[PDB]
$ cat run18.txt   # compact mmCIF, N, CA and C atoms
# COMPACT_ATOMS: atom_id res chain seq x y z
N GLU A 1 -1.72 88.54 -12.89
CA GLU A 1 -1.63 87.30 -13.73
C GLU A 1 -1.40 87.26 -15.28
N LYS A 2 -2.40 87.49 -16.12
CA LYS A 2 -2.09 87.44 -17.56
C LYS A 2 -1.07 88.51 -17.94
N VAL A 3 -0.13 88.14 -18.78
CA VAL A 3 0.81 89.08 -19.38
C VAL A 3 0.03 90.05 -20.23
N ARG A 4 0.31 91.35 -20.09
CA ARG A 4 -0.44 92.38 -20.80
C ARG A 4 0.34 92.82 -22.05
N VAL A 5 -0.34 92.86 -23.20
CA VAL A 5 0.28 93.14 -24.50
C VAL A 5 -0.42 94.18 -25.35
N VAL A 6 0.38 95.03 -26.02
CA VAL A 6 -0.10 95.84 -27.13
C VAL A 6 0.40 95.21 -28.43
N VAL A 7 -0.51 95.04 -29.40
CA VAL A 7 -0.21 94.51 -30.74
C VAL A 7 -0.37 95.62 -31.79
N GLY A 8 0.62 95.76 -32.67
CA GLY A 8 0.60 96.78 -33.70
C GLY A 8 0.94 96.17 -35.05
N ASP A 9 0.06 96.39 -36.04
CA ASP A 9 0.26 95.94 -37.42
C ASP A 9 -0.78 96.67 -38.26
N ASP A 10 -0.38 97.10 -39.46
CA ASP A 10 -1.31 97.77 -40.37
C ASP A 10 -2.01 96.82 -41.33
N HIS A 11 -1.72 95.52 -41.24
CA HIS A 11 -2.54 94.50 -41.90
C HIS A 11 -3.53 93.90 -40.90
N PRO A 12 -4.83 94.26 -41.02
CA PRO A 12 -5.90 93.84 -40.10
C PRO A 12 -5.94 92.34 -39.82
N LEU A 13 -5.89 91.52 -40.87
CA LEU A 13 -5.95 90.06 -40.72
C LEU A 13 -4.73 89.42 -40.03
N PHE A 14 -3.54 89.98 -40.22
CA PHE A 14 -2.40 89.53 -39.42
C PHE A 14 -2.56 89.94 -37.97
N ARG A 15 -2.90 91.20 -37.73
CA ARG A 15 -3.17 91.67 -36.37
C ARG A 15 -4.26 90.84 -35.64
N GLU A 16 -5.39 90.63 -36.31
CA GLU A 16 -6.47 89.80 -35.75
C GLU A 16 -5.97 88.39 -35.41
N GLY A 17 -5.10 87.86 -36.27
CA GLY A 17 -4.58 86.51 -36.12
C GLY A 17 -3.70 86.40 -34.90
N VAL A 18 -2.83 87.41 -34.71
CA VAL A 18 -1.98 87.49 -33.53
C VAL A 18 -2.82 87.66 -32.24
N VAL A 19 -3.78 88.58 -32.28
CA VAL A 19 -4.59 88.87 -31.11
C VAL A 19 -5.37 87.62 -30.71
N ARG A 20 -5.88 86.88 -31.68
CA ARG A 20 -6.59 85.64 -31.36
C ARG A 20 -5.69 84.57 -30.76
N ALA A 21 -4.54 84.35 -31.36
CA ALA A 21 -3.50 83.43 -30.79
C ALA A 21 -3.18 83.75 -29.34
N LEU A 22 -2.91 85.04 -29.06
CA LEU A 22 -2.57 85.43 -27.70
C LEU A 22 -3.76 85.24 -26.75
N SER A 23 -4.92 85.72 -27.15
CA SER A 23 -6.11 85.68 -26.33
C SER A 23 -6.55 84.23 -26.04
N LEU A 24 -6.47 83.38 -27.06
CA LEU A 24 -6.88 81.99 -26.92
C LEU A 24 -5.88 81.12 -26.15
N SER A 25 -4.66 81.63 -25.91
CA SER A 25 -3.66 80.94 -25.08
C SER A 25 -4.15 80.82 -23.65
N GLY A 26 -4.96 81.77 -23.21
CA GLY A 26 -5.38 81.87 -21.81
C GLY A 26 -4.37 82.59 -20.91
N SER A 27 -3.21 82.97 -21.44
CA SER A 27 -2.12 83.57 -20.63
C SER A 27 -1.79 85.03 -20.96
N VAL A 28 -2.55 85.62 -21.87
CA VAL A 28 -2.25 86.94 -22.41
C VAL A 28 -3.52 87.78 -22.50
N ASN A 29 -3.39 89.00 -22.02
CA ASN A 29 -4.40 90.03 -22.12
C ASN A 29 -3.88 91.10 -23.11
N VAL A 30 -4.50 91.15 -24.27
CA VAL A 30 -4.23 92.17 -25.25
C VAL A 30 -4.99 93.42 -24.80
N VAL A 31 -4.23 94.42 -24.40
CA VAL A 31 -4.81 95.61 -23.82
C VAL A 31 -4.97 96.73 -24.82
N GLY A 32 -4.36 96.59 -25.99
CA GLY A 32 -4.48 97.60 -27.03
C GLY A 32 -3.97 97.11 -28.36
N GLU A 33 -4.56 97.61 -29.44
CA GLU A 33 -4.14 97.32 -30.81
C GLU A 33 -3.97 98.61 -31.59
N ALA A 34 -2.96 98.67 -32.46
CA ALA A 34 -2.68 99.86 -33.27
C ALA A 34 -2.39 99.44 -34.70
N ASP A 35 -2.69 100.31 -35.65
CA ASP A 35 -2.27 100.09 -37.02
C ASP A 35 -1.26 101.10 -37.50
N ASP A 36 -0.75 101.95 -36.62
CA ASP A 36 0.40 102.76 -36.97
C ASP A 36 1.30 103.02 -35.78
N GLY A 37 2.53 103.43 -36.05
CA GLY A 37 3.55 103.38 -35.01
C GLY A 37 3.32 104.41 -33.92
N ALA A 38 2.81 105.58 -34.29
CA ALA A 38 2.69 106.68 -33.32
C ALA A 38 1.59 106.31 -32.32
N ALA A 39 0.56 105.65 -32.84
CA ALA A 39 -0.53 105.16 -32.05
C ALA A 39 -0.08 104.02 -31.11
N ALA A 40 0.76 103.13 -31.63
CA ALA A 40 1.37 102.07 -30.84
C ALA A 40 2.16 102.65 -29.69
N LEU A 41 2.94 103.68 -29.97
CA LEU A 41 3.71 104.32 -28.90
C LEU A 41 2.81 104.95 -27.82
N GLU A 42 1.73 105.59 -28.26
CA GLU A 42 0.81 106.19 -27.33
C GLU A 42 0.12 105.14 -26.48
N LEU A 43 -0.26 103.99 -27.07
CA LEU A 43 -0.86 102.92 -26.30
C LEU A 43 0.11 102.35 -25.28
N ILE A 44 1.38 102.27 -25.67
CA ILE A 44 2.42 101.80 -24.75
C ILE A 44 2.54 102.77 -23.57
N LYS A 45 2.53 104.07 -23.84
CA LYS A 45 2.60 105.05 -22.75
C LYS A 45 1.42 104.92 -21.79
N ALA A 46 0.23 104.67 -22.32
CA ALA A 46 -0.99 104.60 -21.51
C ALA A 46 -1.13 103.28 -20.74
N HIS A 47 -0.91 102.17 -21.42
CA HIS A 47 -1.19 100.86 -20.84
C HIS A 47 0.00 100.25 -20.12
N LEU A 48 1.21 100.74 -20.41
CA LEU A 48 2.45 100.23 -19.80
C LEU A 48 2.41 98.70 -19.85
N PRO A 49 2.29 98.15 -21.05
CA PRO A 49 2.17 96.73 -21.20
C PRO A 49 3.49 96.05 -20.88
N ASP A 50 3.45 94.78 -20.53
CA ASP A 50 4.67 93.98 -20.31
C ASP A 50 5.46 93.85 -21.63
N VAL A 51 4.73 93.60 -22.72
CA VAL A 51 5.28 93.41 -24.06
C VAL A 51 4.46 94.18 -25.10
N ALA A 52 5.15 94.78 -26.06
CA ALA A 52 4.51 95.30 -27.24
C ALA A 52 4.99 94.42 -28.40
N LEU A 53 4.06 93.78 -29.11
CA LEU A 53 4.44 93.03 -30.30
C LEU A 53 4.08 93.80 -31.55
N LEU A 54 5.10 94.34 -32.25
CA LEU A 54 4.88 95.33 -33.29
C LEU A 54 5.50 94.97 -34.64
N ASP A 55 4.75 95.16 -35.71
CA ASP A 55 5.32 94.98 -37.05
C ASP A 55 6.50 95.91 -37.21
N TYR A 56 7.58 95.44 -37.82
CA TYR A 56 8.72 96.30 -38.07
C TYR A 56 8.31 97.51 -38.94
N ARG A 57 7.49 97.28 -39.95
CA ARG A 57 7.07 98.32 -40.88
C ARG A 57 5.69 98.91 -40.58
N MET A 58 5.51 99.40 -39.38
CA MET A 58 4.30 100.16 -39.11
C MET A 58 4.41 101.52 -39.80
N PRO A 59 3.29 102.05 -40.32
CA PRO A 59 3.35 103.40 -40.88
C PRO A 59 3.59 104.47 -39.81
N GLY A 60 4.18 105.58 -40.24
CA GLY A 60 4.34 106.80 -39.44
C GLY A 60 5.53 106.77 -38.51
N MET A 61 5.75 105.63 -37.92
CA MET A 61 6.89 105.45 -37.04
C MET A 61 7.10 103.95 -36.99
N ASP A 62 8.25 103.49 -37.47
CA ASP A 62 8.46 102.08 -37.63
C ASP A 62 8.72 101.41 -36.29
N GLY A 63 8.74 100.09 -36.30
CA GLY A 63 8.93 99.30 -35.07
C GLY A 63 10.19 99.62 -34.27
N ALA A 64 11.29 99.90 -34.95
CA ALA A 64 12.57 100.23 -34.26
C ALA A 64 12.57 101.62 -33.67
N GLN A 65 11.95 102.58 -34.36
CA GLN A 65 11.73 103.92 -33.82
C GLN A 65 10.88 103.87 -32.54
N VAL A 66 9.83 103.08 -32.55
CA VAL A 66 9.05 102.91 -31.33
C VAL A 66 9.89 102.26 -30.25
N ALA A 67 10.62 101.19 -30.57
CA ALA A 67 11.52 100.55 -29.58
C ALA A 67 12.51 101.54 -28.96
N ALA A 68 13.09 102.39 -29.81
CA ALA A 68 14.03 103.44 -29.36
C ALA A 68 13.41 104.43 -28.37
N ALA A 69 12.20 104.88 -28.71
CA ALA A 69 11.44 105.84 -27.94
C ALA A 69 11.05 105.26 -26.58
N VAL A 70 10.58 104.01 -26.56
CA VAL A 70 10.21 103.31 -25.31
C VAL A 70 11.40 103.20 -24.36
N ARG A 71 12.53 102.77 -24.89
CA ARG A 71 13.78 102.74 -24.12
C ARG A 71 14.18 104.17 -23.68
N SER A 72 14.13 105.15 -24.58
CA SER A 72 14.45 106.56 -24.22
C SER A 72 13.57 107.11 -23.09
N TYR A 73 12.28 106.80 -23.13
CA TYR A 73 11.32 107.13 -22.07
C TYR A 73 11.46 106.29 -20.80
N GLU A 74 12.32 105.28 -20.84
CA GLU A 74 12.51 104.35 -19.74
C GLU A 74 11.22 103.67 -19.29
N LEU A 75 10.36 103.33 -20.24
CA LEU A 75 9.15 102.57 -19.94
C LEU A 75 9.49 101.08 -19.66
N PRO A 76 8.71 100.41 -18.82
CA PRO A 76 9.03 99.02 -18.51
C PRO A 76 8.78 98.03 -19.67
N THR A 77 8.13 98.49 -20.72
CA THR A 77 7.70 97.62 -21.80
C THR A 77 8.83 97.06 -22.64
N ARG A 78 8.79 95.76 -22.93
CA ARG A 78 9.72 95.15 -23.89
C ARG A 78 9.09 95.14 -25.25
N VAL A 79 9.80 95.64 -26.25
CA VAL A 79 9.24 95.73 -27.60
C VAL A 79 9.80 94.60 -28.48
N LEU A 80 8.92 93.68 -28.84
CA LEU A 80 9.24 92.53 -29.69
C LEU A 80 8.80 92.88 -31.10
N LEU A 81 9.71 92.83 -32.07
CA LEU A 81 9.31 93.16 -33.45
C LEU A 81 9.06 91.87 -34.24
N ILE A 82 8.19 91.99 -35.22
CA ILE A 82 7.89 90.91 -36.14
C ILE A 82 7.90 91.47 -37.55
N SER A 83 8.39 90.70 -38.51
CA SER A 83 8.43 91.19 -39.87
C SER A 83 8.50 90.07 -40.90
N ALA A 84 8.08 90.40 -42.11
CA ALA A 84 8.37 89.56 -43.26
C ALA A 84 9.81 89.79 -43.80
N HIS A 85 10.48 90.89 -43.44
CA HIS A 85 11.92 91.16 -43.81
C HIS A 85 12.80 90.53 -42.74
N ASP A 86 13.85 89.80 -43.10
CA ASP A 86 14.79 89.34 -42.07
C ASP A 86 16.26 89.60 -42.38
N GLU A 87 16.54 90.71 -43.05
CA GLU A 87 17.90 91.03 -43.44
C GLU A 87 18.81 91.33 -42.24
N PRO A 88 20.04 90.77 -42.27
CA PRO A 88 20.95 90.94 -41.15
C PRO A 88 21.09 92.38 -40.61
N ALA A 89 21.39 93.36 -41.44
CA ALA A 89 21.64 94.72 -40.93
C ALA A 89 20.39 95.36 -40.32
N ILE A 90 19.22 94.98 -40.82
CA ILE A 90 17.94 95.48 -40.28
C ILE A 90 17.63 94.93 -38.89
N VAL A 91 17.80 93.63 -38.75
CA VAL A 91 17.65 93.01 -37.41
C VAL A 91 18.65 93.61 -36.43
N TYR A 92 19.92 93.65 -36.83
CA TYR A 92 20.97 94.17 -35.98
C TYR A 92 20.69 95.61 -35.54
N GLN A 93 20.28 96.46 -36.47
CA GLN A 93 20.03 97.87 -36.16
C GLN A 93 18.83 98.03 -35.23
N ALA A 94 17.81 97.20 -35.43
CA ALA A 94 16.64 97.22 -34.56
C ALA A 94 16.97 96.83 -33.13
N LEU A 95 17.80 95.79 -32.97
CA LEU A 95 18.26 95.35 -31.65
C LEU A 95 19.14 96.41 -31.01
N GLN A 96 19.96 97.07 -31.81
CA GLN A 96 20.72 98.22 -31.35
C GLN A 96 19.81 99.36 -30.89
N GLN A 97 18.66 99.58 -31.53
CA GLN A 97 17.67 100.63 -31.10
C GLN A 97 16.80 100.18 -29.87
N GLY A 98 17.02 98.98 -29.36
CA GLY A 98 16.42 98.55 -28.12
C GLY A 98 15.30 97.55 -28.25
N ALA A 99 15.10 96.97 -29.43
CA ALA A 99 14.12 95.90 -29.61
C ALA A 99 14.54 94.70 -28.80
N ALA A 100 13.59 94.10 -28.09
CA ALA A 100 13.86 92.93 -27.25
C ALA A 100 14.04 91.65 -28.07
N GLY A 101 13.61 91.66 -29.31
CA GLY A 101 13.70 90.48 -30.13
C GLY A 101 13.12 90.80 -31.47
N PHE A 102 13.28 89.89 -32.41
CA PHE A 102 12.93 90.11 -33.80
C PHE A 102 12.46 88.77 -34.36
N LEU A 103 11.19 88.69 -34.71
CA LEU A 103 10.55 87.45 -35.10
C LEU A 103 10.13 87.57 -36.56
N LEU A 104 9.94 86.43 -37.21
CA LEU A 104 9.49 86.38 -38.59
C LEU A 104 8.00 86.10 -38.68
N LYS A 105 7.35 86.59 -39.73
CA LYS A 105 5.90 86.42 -39.85
C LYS A 105 5.49 84.97 -40.17
N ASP A 106 6.46 84.10 -40.45
CA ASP A 106 6.15 82.67 -40.62
C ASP A 106 6.06 81.90 -39.30
N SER A 107 6.14 82.61 -38.18
CA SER A 107 5.96 81.99 -36.87
C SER A 107 4.59 81.35 -36.72
N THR A 108 4.57 80.23 -35.99
CA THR A 108 3.34 79.55 -35.67
C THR A 108 2.62 80.19 -34.49
N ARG A 109 1.38 79.78 -34.31
CA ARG A 109 0.57 80.18 -33.16
C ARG A 109 1.30 79.97 -31.83
N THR A 110 1.84 78.76 -31.60
CA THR A 110 2.49 78.48 -30.31
C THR A 110 3.84 79.20 -30.20
N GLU A 111 4.56 79.31 -31.31
CA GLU A 111 5.81 80.10 -31.35
C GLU A 111 5.65 81.56 -30.92
N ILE A 112 4.61 82.24 -31.39
CA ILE A 112 4.37 83.65 -31.02
C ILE A 112 3.95 83.80 -29.58
N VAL A 113 3.08 82.91 -29.11
CA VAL A 113 2.69 82.93 -27.72
C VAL A 113 3.94 82.75 -26.87
N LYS A 114 4.72 81.72 -27.18
CA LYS A 114 5.93 81.46 -26.41
C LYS A 114 6.93 82.63 -26.45
N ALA A 115 7.11 83.22 -27.61
CA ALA A 115 7.97 84.41 -27.74
C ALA A 115 7.52 85.56 -26.86
N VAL A 116 6.22 85.83 -26.86
CA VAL A 116 5.68 86.90 -26.02
C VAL A 116 5.85 86.58 -24.52
N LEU A 117 5.51 85.36 -24.13
CA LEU A 117 5.64 84.94 -22.75
C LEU A 117 7.10 84.92 -22.28
N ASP A 118 8.01 84.44 -23.11
CA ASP A 118 9.44 84.40 -22.77
C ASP A 118 10.02 85.82 -22.63
N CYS A 119 9.58 86.70 -23.52
CA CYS A 119 9.98 88.09 -23.51
C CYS A 119 9.53 88.77 -22.23
N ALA A 120 8.28 88.57 -21.86
CA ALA A 120 7.75 89.11 -20.60
C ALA A 120 8.53 88.59 -19.37
N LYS A 121 9.01 87.36 -19.45
CA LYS A 121 9.73 86.71 -18.34
C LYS A 121 11.18 87.15 -18.22
N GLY A 122 11.77 87.59 -19.32
CA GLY A 122 13.24 87.54 -19.43
C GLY A 122 13.71 87.91 -20.83
N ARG A 123 14.14 86.91 -21.60
CA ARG A 123 14.15 86.94 -23.08
C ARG A 123 13.78 85.52 -23.46
$ encode --input "run18.txt" --output "structure tokens"
Amino acid sequence: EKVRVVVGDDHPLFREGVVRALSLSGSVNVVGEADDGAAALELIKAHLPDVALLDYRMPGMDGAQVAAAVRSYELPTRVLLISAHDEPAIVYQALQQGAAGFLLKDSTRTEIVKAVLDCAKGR
């Protein structure tokens, strides 16, 4: 039933905010949280979540590097990136590295839930 998610961000209050939005939706089980990219990748390997929602600029290994690695490993997880940067070549390159989508940090509570749920379903 609930869509299973890993959330990754090195800003605690943004991460907490996302985790609460997802958890309070009633439709999402946050199975792991990370504050750096290598840890996010390891949680993805262990939990095999439906969706990973990851900051583009995670330390150690950025969101697109993790997306690339997940696709390279052929894991079932869809990696949705979120960022305060929205430059065309950055979004494009991330999608080229296998990111399922690219969201902005100005997203609302219902927008992020819907993005995660739509991603788990399809796109």
$ atom_distance --input "run18.txt" --atom1 "atom CA of residue A:25" --atom2 "atom C of residue A:97"
28.5 Å
$ residues_around --input "run18.txt" --residues "residue A:71" --least-positions-apart "4" --cutoff "12 Å" --atoms "only C-alpha atoms" --output "number ranges by chain"
A: 41, 44-45, 64-67, 75-79, 95-100
$ select_by_dssp --input "run18.txt" --residues "stretch 21-90 of chain A" --states "strand (DSSP E or B)" --output "ChimeraX atom specification"
/A:28-34,51-55,78-83
$ write_last_selection --input "run18.txt" --atoms "N, CA and C atoms" --output "mmCIF file, keeping the file's coordinate frame"
data_model
loop_
_atom_site.group_PDB
_atom_site.id
_atom_site.type_symbol
_atom_site.label_atom_id
_atom_site.label_comp_id
_atom_site.auth_asym_id
_atom_site.auth_seq_id
_atom_site.Cartn_x
_atom_site.Cartn_y
_atom_site.Cartn_z
ATOM 1 N N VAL A 28 -2.550 85.620 -21.870
ATOM 2 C CA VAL A 28 -2.250 86.940 -22.410
ATOM 3 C C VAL A 28 -3.520 87.780 -22.500
ATOM 4 N N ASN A 29 -3.390 89.000 -22.020
ATOM 5 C CA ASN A 29 -4.400 90.030 -22.120
ATOM 6 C C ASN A 29 -3.880 91.100 -23.110
ATOM 7 N N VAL A 30 -4.500 91.150 -24.270
ATOM 8 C CA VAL A 30 -4.230 92.170 -25.250
ATOM 9 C C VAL A 30 -4.990 93.420 -24.800
ATOM 10 N N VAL A 31 -4.230 94.420 -24.400
ATOM 11 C CA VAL A 31 -4.810 95.610 -23.820
ATOM 12 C C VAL A 31 -4.970 96.730 -24.820
ATOM 13 N N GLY A 32 -4.360 96.590 -25.990
ATOM 14 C CA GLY A 32 -4.480 97.600 -27.030
ATOM 15 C C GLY A 32 -3.970 97.110 -28.360
ATOM 16 N N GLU A 33 -4.560 97.610 -29.440
ATOM 17 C CA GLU A 33 -4.140 97.320 -30.810
ATOM 18 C C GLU A 33 -3.970 98.610 -31.590
ATOM 19 N N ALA A 34 -2.960 98.670 -32.460
ATOM 20 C CA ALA A 34 -2.680 99.860 -33.270
ATOM 21 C C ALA A 34 -2.390 99.440 -34.700
ATOM 22 N N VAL A 51 4.730 93.600 -22.720
ATOM 23 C CA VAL A 51 5.280 93.410 -24.060
ATOM 24 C C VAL A 51 4.460 94.180 -25.100
ATOM 25 N N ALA A 52 5.150 94.780 -26.060
ATOM 26 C CA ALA A 52 4.510 95.300 -27.240
ATOM 27 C C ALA A 52 4.990 94.420 -28.400
ATOM 28 N N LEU A 53 4.060 93.780 -29.110
ATOM 29 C CA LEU A 53 4.440 93.030 -30.300
ATOM 30 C C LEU A 53 4.080 93.800 -31.550
ATOM 31 N N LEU A 54 5.100 94.340 -32.250
ATOM 32 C CA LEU A 54 4.880 95.330 -33.290
ATOM 33 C C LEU A 54 5.500 94.970 -34.640
ATOM 34 N N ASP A 55 4.750 95.160 -35.710
ATOM 35 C CA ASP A 55 5.320 94.980 -37.050
ATOM 36 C C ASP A 55 6.500 95.910 -37.210
ATOM 37 N N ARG A 78 8.790 95.760 -22.930
ATOM 38 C CA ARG A 78 9.720 95.150 -23.890
ATOM 39 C C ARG A 78 9.090 95.140 -25.250
ATOM 40 N N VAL A 79 9.800 95.640 -26.250
ATOM 41 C CA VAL A 79 9.240 95.730 -27.600
ATOM 42 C C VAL A 79 9.800 94.600 -28.480
ATOM 43 N N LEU A 80 8.920 93.680 -28.840
ATOM 44 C CA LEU A 80 9.240 92.530 -29.690
ATOM 45 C C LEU A 80 8.800 92.880 -31.100
ATOM 46 N N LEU A 81 9.710 92.830 -32.070
ATOM 47 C CA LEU A 81 9.310 93.160 -33.450
ATOM 48 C C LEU A 81 9.060 91.870 -34.240
ATOM 49 N N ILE A 82 8.190 91.990 -35.220
ATOM 50 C CA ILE A 82 7.890 90.910 -36.140
ATOM 51 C C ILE A 82 7.900 91.470 -37.550
ATOM 52 N N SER A 83 8.390 90.700 -38.510
ATOM 53 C CA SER A 83 8.430 91.190 -39.870
ATOM 54 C C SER A 83 8.500 90.070 -40.900
#
$ atom_distance --input "run18.txt" --atom1 "atom CA of residue A:73" --atom2 "atom N of residue A:46"
11.4 Å
$ residues_around --input "run18.txt" --residues "stretch 14-19 of chain A" --least-positions-apart "6" --cutoff "7 Å" --atoms "all atoms listed in the file" --output "list in words"
residues 7, 8 and 30 of chain A
$ atom_distance --input "run18.txt" --atom1 "atom CA of residue A:42" --atom2 "atom CA of residue A:59"
14.1 Å
$ axis_aligned_box --input "run18.txt" --around "stretch 27-46 of chain A" --padding-each-side "8 Å" --output "lines of an AutoDock Vina configuration file"
center_x = -0.6
center_y = 94.8
center_z = -29.1
size_x = 24.7
size_y = 39.7
size_z = 32.9
